[PDB]
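Read the single chain below, which is given as structure tokens and is the form deposited in one PDB entry.
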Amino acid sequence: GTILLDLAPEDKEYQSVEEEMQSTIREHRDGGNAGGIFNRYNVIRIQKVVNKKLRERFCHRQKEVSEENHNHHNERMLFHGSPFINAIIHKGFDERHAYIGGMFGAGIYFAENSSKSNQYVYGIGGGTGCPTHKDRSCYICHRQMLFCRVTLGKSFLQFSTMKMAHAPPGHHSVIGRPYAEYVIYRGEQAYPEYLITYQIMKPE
């Protein structure tokens, strides 16, 4: 099944993941309501998700996609926040949890900004925050997010709300602009490469 492999802080791979996370923090339109108020994270663990079965499913789909995107699977590293991170790392992403709704339909959504994914760690709009304090801006409780390999193939650009069930004909993903939201409609188009444990930090 799934094995979690810790990365050591001295490892350039750990450093690369933390740098992508810290450097993509931005101020959000909701004034910090969903994800909290912070300028940086305290990254306290980075694990690689190792699952031969899940990896085989992802590579098999990459091969299907490359054939339709002129030998390119167009992979991007993107963040994903979710209260269901335990199911994802054990069973993989699953589009069946995505229903006709959402700004860009029944897909799984990813962000270039780690702070955007941090808004979804405790639910839509941050839910009711952490389980212990019910605080969307909790500095105590440890959070987790994923940094994923996402097979985008041929992306379709969308600039208004729609409720698509699948990507348009001949396409494999939707890049939606309400900052871009990257949407796939098959769970096997994302691999949960890194599981990051972190806190948001109080501003100084």
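Under this definition, the rigid core comprises the largest set of C-alpha atoms superposing within 1.5 Å between the forms. Shifts are known only where both forms have a C-alpha. For every residue, the number given is its place in the sequence shown, counted from 1.
Below: the form deposited in another entry, not depicted.
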*asked:* Quick check on the comparison between the shown form and the other one: with the core aligned, only one of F93, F79, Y122, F104 should show a Cα shift of at least 2 Å. Which one is it?
replied: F104
_Post core alignment: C141 C-alpha displaced by 2 Å or more between the shown form and the other one_ = no
*With both forms fit on the core, has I37 moved 2 Å or more by CA between the shown form and the other one?*
no
_Core-aligned C-alpha movement of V50 between the shown form and the other one, 2 Å or more_ = no
_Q189 and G102, C-alpha gap in the other form relative to this structure (3 Å or more)_ = farther
*Compare the CA separation of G92 and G102 in the other form with the one in the displayed structure, and answer closer or farther (the difference is at least 3 Å).*
farther
*Mobile segments between the shown form and the other one - rigid core superposition, Cα shift of 2 Å or more, 3+ residues*: 102-105, 160-163
